[PDB]
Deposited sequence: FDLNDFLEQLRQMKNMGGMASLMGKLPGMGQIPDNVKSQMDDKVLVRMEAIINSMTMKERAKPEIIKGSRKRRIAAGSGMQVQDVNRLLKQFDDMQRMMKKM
């Protein structure tokens, strides 16, 4: 379960836009997303880095909920 499936699953428009600025590798291996990438992304989707982190924050909790059944 990567950022892709989570993509298929109105704050949504923004959560989609953020993921839509990532590369295929970033959507598949979310951990490789550190500072520099975050800035590229944040700016790429007209967002604030803090927002991106929120997005990553959610997907993480969402991820865990998966790895429990």
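Ranges missing from the model, given as deposited sequence positions: Unmodelled stretch: 10 to 42 only.
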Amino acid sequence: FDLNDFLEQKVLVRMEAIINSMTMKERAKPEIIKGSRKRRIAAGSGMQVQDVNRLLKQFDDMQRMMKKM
From here on, numbers count along this sequence of modelled residues.
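Rigid core here is just the name for the largest C-alpha set that superposes within 1.5 Å across the two forms.
10 to 18 against 52 to 60 - segment lying farther from this form in 8 other deposited structures of this protein (CA RMS, rigid core fit): With the rigid core superposed, the C-alphas that lie farther in 8 other deposited structures of this protein are those of 10 to 18.
Average Cα temperature factor in the PDB entry - higher stretch of 48 to 56, 17 to 25: Between 17 to 25 and 48 to 56, it is 48 to 56.
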